[PDB]
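input_27.cif, holding mmCIF, C-alpha atoms and all ligand atoms:
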```
data_query
loop_
_atom_site.group_PDB
_atom_site.id
_atom_site.type_symbol
_atom_site.label_atom_id
_atom_site.label_comp_id
_atom_site.auth_asym_id
_atom_site.auth_seq_id
_atom_site.Cartn_x
_atom_site.Cartn_y
_atom_site.Cartn_z
ATOM 1 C CA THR A 27 -1.353 34.254 36.340
ATOM 2 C CA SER A 28 1.801 35.008 34.330
ATOM 3 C CA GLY A 29 2.691 31.394 33.483
ATOM 4 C CA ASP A 30 -0.906 30.463 32.482
ATOM 5 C CA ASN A 31 -0.267 30.734 28.717
ATOM 6 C CA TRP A 32 -3.502 29.358 27.302
ATOM 7 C CA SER A 33 -4.406 32.679 25.705
ATOM 8 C CA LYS A 34 -1.077 32.665 23.838
ATOM 9 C CA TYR A 35 -1.504 29.124 22.467
ATOM 10 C CA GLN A 36 -5.044 29.984 21.445
ATOM 11 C CA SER A 37 -4.153 33.283 19.722
ATOM 12 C CA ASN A 38 -1.038 31.875 18.035
ATOM 13 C CA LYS A 39 -3.040 28.771 17.056
ATOM 14 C CA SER A 40 0.039 26.761 17.955
ATOM 15 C CA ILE A 41 1.498 24.689 20.763
ATOM 16 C CA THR A 42 4.851 22.874 20.914
ATOM 17 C CA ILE A 43 4.884 19.276 22.087
ATOM 18 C CA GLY A 44 8.023 17.371 22.967
ATOM 19 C CA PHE A 45 8.512 13.640 22.465
ATOM 20 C CA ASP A 46 11.073 10.859 22.187
ATOM 21 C CA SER A 47 10.761 10.150 18.453
ATOM 22 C CA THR A 48 11.600 6.477 18.907
ATOM 23 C CA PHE A 49 8.823 5.708 21.410
ATOM 24 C CA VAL A 50 6.470 3.382 19.535
ATOM 25 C CA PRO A 51 3.537 3.249 19.192
ATOM 26 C CA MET A 52 2.982 6.617 20.896
ATOM 27 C CA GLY A 53 5.008 9.039 18.793
ATOM 28 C CA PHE A 54 7.802 8.044 16.468
ATOM 29 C CA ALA A 55 9.618 8.710 13.208
ATOM 30 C CA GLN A 56 8.257 6.476 10.467
ATOM 31 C CA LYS A 57 10.009 4.976 7.462
ATOM 32 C CA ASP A 58 9.742 8.334 5.646
ATOM 33 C CA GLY A 59 10.842 10.386 8.668
ATOM 34 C CA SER A 60 7.351 11.769 9.374
ATOM 35 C CA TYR A 61 5.911 11.410 12.858
ATOM 36 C CA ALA A 62 3.051 9.042 13.704
ATOM 37 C CA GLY A 63 1.498 7.279 16.642
ATOM 38 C CA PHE A 64 -1.292 7.128 19.170
ATOM 39 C CA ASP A 65 -0.237 10.343 20.871
ATOM 40 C CA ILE A 66 0.365 12.094 17.552
ATOM 41 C CA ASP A 67 -3.225 11.284 16.590
ATOM 42 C CA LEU A 68 -4.685 11.998 20.030
ATOM 43 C CA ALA A 69 -2.926 15.357 20.535
ATOM 44 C CA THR A 70 -3.832 16.423 16.992
ATOM 45 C CA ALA A 71 -7.496 15.636 17.717
ATOM 46 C CA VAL A 72 -7.378 17.436 21.082
ATOM 47 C CA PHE A 73 -5.930 20.623 19.657
ATOM 48 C CA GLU A 74 -8.239 20.468 16.621
ATOM 49 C CA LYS A 75 -11.090 21.187 19.060
ATOM 50 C CA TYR A 76 -9.503 24.642 19.614
ATOM 51 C CA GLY A 77 -8.214 25.335 16.111
ATOM 52 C CA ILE A 78 -4.626 24.847 17.324
ATOM 53 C CA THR A 79 -1.912 23.209 15.205
ATOM 54 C CA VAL A 80 0.736 21.139 16.987
ATOM 55 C CA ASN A 81 4.410 21.831 16.450
ATOM 56 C CA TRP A 82 6.063 18.477 17.134
ATOM 57 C CA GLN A 83 9.534 18.816 18.606
ATOM 58 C CA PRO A 84 11.640 15.691 19.016
ATOM 59 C CA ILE A 85 13.630 15.928 22.254
ATOM 60 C CA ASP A 86 16.334 14.104 24.105
ATOM 61 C CA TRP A 87 14.229 12.184 26.651
ATOM 62 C CA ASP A 88 16.934 12.874 29.268
ATOM 63 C CA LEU A 89 16.278 16.602 28.982
ATOM 64 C CA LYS A 90 12.471 16.651 28.963
ATOM 65 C CA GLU A 91 12.037 18.463 32.295
ATOM 66 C CA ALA A 92 14.592 21.099 31.314
ATOM 67 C CA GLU A 93 12.977 21.658 27.908
ATOM 68 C CA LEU A 94 9.560 22.069 29.504
ATOM 69 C CA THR A 95 10.752 24.342 32.329
ATOM 70 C CA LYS A 96 12.822 26.541 30.001
ATOM 71 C CA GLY A 97 9.943 26.876 27.527
ATOM 72 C CA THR A 98 11.372 25.218 24.434
ATOM 73 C CA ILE A 99 8.347 22.853 24.569
ATOM 74 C CA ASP A 100 4.890 23.424 26.135
ATOM 75 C CA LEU A 101 3.898 19.780 26.800
ATOM 76 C CA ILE A 102 5.479 16.391 27.205
ATOM 77 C CA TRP A 103 3.166 13.936 25.403
ATOM 78 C CA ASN A 104 4.721 10.591 24.470
ATOM 79 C CA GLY A 105 3.661 7.742 26.705
ATOM 80 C CA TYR A 106 4.657 9.969 29.600
ATOM 81 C CA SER A 107 4.126 8.038 32.853
ATOM 82 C CA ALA A 108 2.397 10.046 35.580
ATOM 83 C CA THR A 109 4.459 9.275 38.657
ATOM 84 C CA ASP A 110 4.547 10.810 42.128
ATOM 85 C CA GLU A 111 8.146 11.891 41.622
ATOM 86 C CA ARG A 112 7.218 13.750 38.436
ATOM 87 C CA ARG A 113 4.240 15.441 40.118
ATOM 88 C CA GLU A 114 6.791 17.333 42.236
ATOM 89 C CA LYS A 115 8.050 18.996 39.027
ATOM 90 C CA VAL A 116 5.221 19.133 36.454
ATOM 91 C CA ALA A 117 1.425 19.113 36.210
ATOM 92 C CA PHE A 118 -0.541 16.334 34.525
ATOM 93 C CA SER A 119 -3.741 15.993 32.569
ATOM 94 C CA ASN A 120 -6.085 13.192 33.463
ATOM 95 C CA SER A 121 -4.553 9.849 32.518
ATOM 96 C CA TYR A 122 -5.631 8.330 29.186
ATOM 97 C CA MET A 123 -4.001 4.847 29.105
ATOM 98 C CA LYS A 124 -2.657 2.220 31.539
ATOM 99 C CA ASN A 125 0.870 0.901 31.157
ATOM 100 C CA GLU A 126 3.167 -1.585 32.856
ATOM 101 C CA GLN A 127 6.908 -1.940 33.111
ATOM 102 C CA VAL A 128 8.048 -5.325 31.845
ATOM 103 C CA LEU A 129 11.272 -7.218 31.403
ATOM 104 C CA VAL A 130 12.185 -8.394 27.945
ATOM 105 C CA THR A 131 14.683 -11.281 27.577
ATOM 106 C CA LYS A 132 15.657 -13.531 24.684
ATOM 107 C CA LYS A 133 13.761 -16.816 24.729
ATOM 108 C CA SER A 134 17.127 -18.527 24.442
ATOM 109 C CA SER A 135 17.986 -17.169 27.926
ATOM 110 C CA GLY A 136 15.235 -19.208 29.540
ATOM 111 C CA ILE A 137 14.584 -16.214 31.841
ATOM 112 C CA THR A 138 10.874 -15.693 32.504
ATOM 113 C CA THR A 139 11.069 -14.314 36.058
ATOM 114 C CA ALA A 140 12.982 -11.499 37.777
ATOM 115 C CA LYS A 141 14.778 -13.914 40.092
ATOM 116 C CA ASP A 142 16.487 -15.548 37.128
ATOM 117 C CA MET A 143 18.162 -12.184 36.429
ATOM 118 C CA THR A 144 20.406 -12.899 39.403
ATOM 119 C CA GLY A 145 23.932 -11.954 38.345
ATOM 120 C CA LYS A 146 22.673 -11.042 34.843
ATOM 121 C CA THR A 147 23.050 -7.695 33.023
ATOM 122 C CA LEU A 148 20.064 -5.326 32.945
ATOM 123 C CA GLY A 149 19.481 -2.412 30.582
ATOM 124 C CA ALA A 150 17.104 0.556 30.870
ATOM 125 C CA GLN A 151 16.288 3.866 29.243
ATOM 126 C CA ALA A 152 18.160 6.459 31.261
ATOM 127 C CA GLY A 153 15.392 9.043 31.386
ATOM 128 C CA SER A 154 12.555 6.568 31.861
ATOM 129 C CA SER A 155 10.091 6.099 34.672
ATOM 130 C CA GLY A 156 11.144 2.442 34.569
ATOM 131 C CA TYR A 157 14.693 3.294 35.543
ATOM 132 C CA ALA A 158 13.422 5.505 38.344
ATOM 133 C CA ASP A 159 11.331 2.604 39.685
ATOM 134 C CA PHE A 160 14.366 0.269 39.397
ATOM 135 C CA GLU A 161 16.229 2.564 41.788
ATOM 136 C CA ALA A 162 13.238 3.210 44.080
ATOM 137 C CA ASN A 163 12.239 -0.461 44.494
ATOM 138 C CA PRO A 164 15.586 -2.160 44.802
ATOM 139 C CA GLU A 165 14.177 -5.490 46.024
ATOM 140 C CA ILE A 166 12.610 -6.165 42.626
ATOM 141 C CA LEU A 167 15.721 -6.137 40.429
ATOM 142 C CA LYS A 168 18.519 -3.834 41.569
ATOM 143 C CA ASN A 169 19.629 -5.945 44.458
ATOM 144 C CA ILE A 170 20.042 -9.072 42.356
ATOM 145 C CA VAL A 171 21.242 -7.991 38.912
ATOM 146 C CA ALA A 172 24.940 -7.799 38.065
ATOM 147 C CA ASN A 173 26.633 -4.803 39.731
ATOM 148 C CA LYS A 174 23.326 -3.606 41.225
ATOM 149 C CA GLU A 175 23.100 -1.333 38.186
ATOM 150 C CA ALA A 176 21.404 -0.958 34.826
ATOM 151 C CA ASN A 177 23.218 -0.242 31.590
ATOM 152 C CA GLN A 178 21.699 3.056 30.447
ATOM 153 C CA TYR A 179 20.548 4.067 26.981
ATOM 154 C CA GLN A 180 19.082 7.252 25.540
ATOM 155 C CA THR A 181 16.528 5.241 23.514
ATOM 156 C CA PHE A 182 14.918 1.837 23.812
ATOM 157 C CA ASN A 183 15.864 1.054 20.203
ATOM 158 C CA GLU A 184 19.538 1.006 21.076
ATOM 159 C CA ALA A 185 18.867 -0.980 24.232
ATOM 160 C CA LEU A 186 16.982 -3.538 22.125
ATOM 161 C CA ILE A 187 19.870 -3.880 19.649
ATOM 162 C CA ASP A 188 22.088 -4.517 22.660
ATOM 163 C CA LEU A 189 19.648 -7.173 23.976
ATOM 164 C CA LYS A 190 19.570 -8.791 20.494
ATOM 165 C CA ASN A 191 23.384 -8.934 20.602
ATOM 166 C CA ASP A 192 23.674 -10.427 24.120
ATOM 167 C CA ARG A 193 25.268 -7.251 25.488
ATOM 168 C CA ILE A 194 22.485 -7.116 28.091
ATOM 169 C CA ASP A 195 20.433 -10.094 29.309
ATOM 170 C CA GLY A 196 17.214 -8.248 30.128
ATOM 171 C CA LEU A 197 15.673 -4.885 29.347
ATOM 172 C CA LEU A 198 13.269 -2.994 31.608
ATOM 173 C CA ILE A 199 10.804 -1.328 29.243
ATOM 174 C CA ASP A 200 7.210 -0.167 28.798
ATOM 175 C CA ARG A 201 4.871 -2.997 27.793
ATOM 176 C CA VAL A 202 3.160 -0.881 25.125
ATOM 177 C CA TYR A 203 6.477 -0.317 23.426
ATOM 178 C CA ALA A 204 7.661 -3.914 23.688
ATOM 179 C CA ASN A 205 4.397 -5.345 22.314
ATOM 180 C CA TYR A 206 4.280 -3.001 19.324
ATOM 181 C CA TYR A 207 7.995 -3.106 18.519
ATOM 182 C CA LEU A 208 8.335 -6.866 18.652
ATOM 183 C CA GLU A 209 5.292 -7.409 16.456
ATOM 184 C CA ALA A 210 6.370 -4.735 13.960
ATOM 185 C CA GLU A 211 9.829 -6.261 13.657
ATOM 186 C CA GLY A 212 8.407 -9.803 13.343
ATOM 187 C CA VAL A 213 10.243 -11.136 16.395
ATOM 188 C CA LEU A 214 7.591 -11.509 19.116
ATOM 189 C CA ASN A 215 8.408 -15.213 19.166
ATOM 190 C CA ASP A 216 12.131 -14.604 19.830
ATOM 191 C CA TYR A 217 11.566 -12.837 23.203
ATOM 192 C CA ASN A 218 9.884 -13.208 26.583
ATOM 193 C CA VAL A 219 7.933 -10.202 27.868
ATOM 194 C CA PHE A 220 6.760 -10.276 31.472
ATOM 195 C CA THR A 221 5.909 -8.078 34.439
ATOM 196 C CA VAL A 222 8.084 -8.221 37.551
ATOM 197 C CA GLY A 223 5.817 -6.848 40.252
ATOM 198 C CA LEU A 224 6.173 -3.099 39.737
ATOM 199 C CA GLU A 225 2.953 -1.202 40.219
ATOM 200 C CA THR A 226 1.006 -0.251 37.124
ATOM 201 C CA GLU A 227 1.553 3.125 35.508
ATOM 202 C CA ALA A 228 -0.752 5.447 33.611
ATOM 203 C CA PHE A 229 0.148 7.784 30.792
ATOM 204 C CA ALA A 230 -0.858 11.436 30.962
ATOM 205 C CA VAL A 231 0.173 14.760 29.423
ATOM 206 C CA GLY A 232 2.736 16.878 31.242
ATOM 207 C CA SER A 233 2.752 20.675 31.436
ATOM 208 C CA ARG A 234 4.435 23.404 33.403
ATOM 209 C CA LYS A 235 2.683 23.671 36.779
ATOM 210 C CA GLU A 236 1.469 27.178 36.002
ATOM 211 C CA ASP A 237 -0.258 26.156 32.743
ATOM 212 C CA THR A 238 -3.492 25.258 34.557
ATOM 213 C CA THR A 239 -5.939 26.355 31.881
ATOM 214 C CA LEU A 240 -4.121 24.295 29.223
ATOM 215 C CA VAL A 241 -4.520 21.174 31.387
ATOM 216 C CA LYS A 242 -8.272 21.793 31.730
ATOM 217 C CA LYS A 243 -8.570 22.239 27.972
ATOM 218 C CA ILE A 244 -6.818 18.920 27.338
ATOM 219 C CA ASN A 245 -9.149 17.194 29.833
ATOM 220 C CA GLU A 246 -12.279 18.767 28.327
ATOM 221 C CA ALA A 247 -11.193 17.641 24.874
ATOM 222 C CA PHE A 248 -10.699 14.090 26.169
ATOM 223 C CA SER A 249 -14.376 14.161 27.284
ATOM 224 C CA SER A 250 -15.490 14.954 23.720
ATOM 225 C CA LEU A 251 -13.144 12.431 22.114
ATOM 226 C CA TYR A 252 -14.438 9.598 24.306
ATOM 227 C CA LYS A 253 -17.977 10.046 23.009
ATOM 228 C CA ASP A 254 -17.433 11.231 19.435
ATOM 229 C CA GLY A 255 -15.804 7.982 18.332
ATOM 230 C CA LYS A 256 -12.351 9.431 17.846
ATOM 231 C CA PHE A 257 -10.619 8.038 20.929
ATOM 232 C CA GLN A 258 -11.900 4.578 20.067
ATOM 233 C CA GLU A 259 -10.827 4.929 16.441
ATOM 234 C CA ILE A 260 -7.276 5.943 17.451
ATOM 235 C CA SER A 261 -7.122 3.178 20.063
ATOM 236 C CA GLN A 262 -8.179 0.494 17.585
ATOM 237 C CA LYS A 263 -5.721 1.789 15.008
ATOM 238 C CA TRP A 264 -2.679 1.460 17.286
ATOM 239 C CA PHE A 265 -3.686 -1.253 19.808
ATOM 240 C CA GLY A 266 -6.496 -3.346 18.340
ATOM 241 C CA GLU A 267 -8.450 -2.765 21.563
ATOM 242 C CA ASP A 268 -10.095 -0.056 23.666
ATOM 243 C CA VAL A 269 -7.428 1.280 26.054
ATOM 244 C CA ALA A 270 -9.787 3.809 27.612
ATOM 245 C CA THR A 271 -9.491 3.955 31.387
ATOM 246 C CA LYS A 272 -13.254 3.322 31.679
HETATM 247 N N1 LIG B 301 6.887 5.725 29.983
HETATM 248 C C1 LIG B 301 8.326 6.020 30.192
HETATM 249 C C2 LIG B 301 9.179 5.718 28.937
HETATM 250 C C3 LIG B 301 9.129 6.716 27.817
HETATM 251 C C4 LIG B 301 8.118 7.419 27.250
HETATM 252 N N2 LIG B 301 8.648 8.116 26.191
HETATM 253 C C5 LIG B 301 9.941 7.847 26.104
HETATM 254 N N3 LIG B 301 10.255 6.995 27.060
HETATM 255 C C6 LIG B 301 8.517 7.426 30.714
HETATM 256 O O1 LIG B 301 7.517 8.167 30.855
HETATM 257 O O2 LIG B 301 9.682 7.776 30.996
#
```

Just dump the structure as structure tokens.
Amino acid sequence: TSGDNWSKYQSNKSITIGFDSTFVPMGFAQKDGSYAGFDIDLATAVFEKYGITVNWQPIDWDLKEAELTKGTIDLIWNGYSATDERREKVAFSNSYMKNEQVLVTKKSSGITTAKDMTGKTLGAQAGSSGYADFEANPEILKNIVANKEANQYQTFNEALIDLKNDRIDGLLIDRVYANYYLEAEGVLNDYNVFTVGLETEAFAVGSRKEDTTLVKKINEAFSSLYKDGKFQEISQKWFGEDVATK
């Protein structure tokens, strides 16, 4: 099939992967500007099995579908939540990690439950699966937060600066990000982090629907990495635990 480009990636020994370069701990710009993270390590190890080098392309998370469809990237791999809505537009690998959407509030707010966001200001990442679930499940938060809206941000880092500065009262965000970020910045004990009854997510790798062979190759590589020690090594490095879905 024309859009099944595996043979091209294999012969060029290259594939382009798009990511939000602030999304810790999955794929992010480090203190020296180089990219690191769980997905950086995992994708590198996957494509190593085929002698393929990854070309990492930071993207605007708002534009990820457009960049994939237009061919400027070949995969979305960056804590990319595999949702039903997204399955209408892209194909997914098998999922490799669970995730949950949480609220983050300052401890000084005293807010540890969604109902105490009544009349309070919520923020979200504009292009996130979390924001999509905020709109799709309005009984959870949208109906009760100020203006029945979320302040929208391109990146969670900006949203978190706004939370720190009382510009928003709560932030809807991936738990993996919140846990890593707050620990890295030394401020775990300044914030509450809690689920609010959204259903769990899983992360997977997104491709163009027609790239069916590529998806199989990612899945086959996962099978090797689970038993060769590498998945566990990467998991321990970034999470201090085994996040394998088994
Ligand atoms: N998991 C969320 C948030 C995110 C991942 N990378 C950047 N933002 C999503 O898939 O939209």

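Considering all atoms listed in the file, every residue of the polymer chains approaching ligand LIG 301 (chain B) to 7 Å or closer is listed here: residues 45, 46, 49, 87, 104, 105, 106, 107, 153, 154, 155, 156 and 200 of chain A.
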
*By how many Å are atom CA of residue 202 of chain A and atom CA of residue 152 of chain A apart?*
17.8 Å

*Write out as a PyMOL selection string the residues lying within 12 Å of residue 261 of chain A, counting all atoms listed in the file and excluding same-chain residues fewer than 5 positions away.*
chain A and resi 51-52+63-68+122-123+251-252+255-256+266-271

Write out, as JSON lines, each residue of segment 61-119 of chain A that has an atom at most 8 Å from segment 32-39 of chain A, together with the closest pair of atoms and their distance in Å to one decimal, counting all atoms listed in the file, rows going by chain and rising number.
```
{"residue": "A:76", "atom": "CA", "partner": "A:36", "partner_atom": "CA", "distance": 7.2}
{"residue": "A:77", "atom": "CA", "partner": "A:39", "partner_atom": "CA", "distance": 6.3}
{"residue": "A:78", "atom": "CA", "partner": "A:39", "partner_atom": "CA", "distance": 4.2}
{"residue": "A:79", "atom": "CA", "partner": "A:39", "partner_atom": "CA", "distance": 6.0}
```

Export of prior selection with C-alpha atoms as a PDB file, in the frame of the given file:
```pdb
ATOM      1  CA  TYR A  76      -9.503  24.642  19.614  1.00  0.00           C
ATOM      2  CA  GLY A  77      -8.214  25.335  16.111  1.00  0.00           C
ATOM      3  CA  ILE A  78      -4.626  24.847  17.324  1.00  0.00           C
ATOM      4  CA  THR A  79      -1.912  23.209  15.205  1.00  0.00           C
TER       5      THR A  79
END
```

*Near-residue 172 of chain A list (6 Å; only C-alpha atoms; drop same-chain fewer than 6 positions) as JSON, numbers by chain*: {"A": [145, 146, 147]}

_When you count all atoms listed in the file, which of these residues is closest to residue 193 of chain A: A:229, A:178, A:60, A:236?_
A:178

*Just say which residues the PyMOL selection byres (((chain A and resi 218-220) around 12) and not hetatm) picks in this file, as a PyMOL selection string.*
chain A and resi 126-140+189+195-208+213-217+221-224

List every residue of segment 139-250 of chain A that has an atom at most 7 Å from any atom of segment 99-103 of chain A, and for each one report the closest atom pair and its distance in Å to one decimal, counting only C-alpha atoms, with rows sorted by chain and then by increasing residue number, as a Markdown table.
```
| residue | atom | partner | partner_atom | distance |
| --- | --- | --- | --- | --- |
| A:231 | CA | A:103 | CA | 5.1 |
| A:232 | CA | A:102 | CA | 4.9 |
| A:233 | CA | A:101 | CA | 4.9 |
```

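Shortest atom-to-atom contact with residue 28 of chain A among A:235, A:42, A:158, A:141: A:235, counting all atoms listed in the file.
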
*Which of these, A:94, A:162, A:187, A:55, has the shortest distance to residue 110 of chain A once you count all atoms listed in the file?*
A:162

*A:254, A:237, A:184, A:227 ranked by distance to residue 29 of chain A, top pick (using only C-alpha atoms)*: A:237

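Straight-line separation from atom CA of residue 185 of chain A to atom CA of residue 264 of chain A: 22.8 Å.
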
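The smallest atom-to-atom distance between residue 163 of chain A and any of A:246, A:85, A:272, A:225, using only C-alpha atoms, is found for A:225.
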
*Considering all atoms listed in the file, return as a PyMOL selection string whatever protein or nucleic-acid residues lie within 10 Å of residue 175 of chain A, sequence-local ones (same chain, fewer than 2 positions apart) excluded.*
chain A and resi 147-150+157+160-161+167-173+177-178
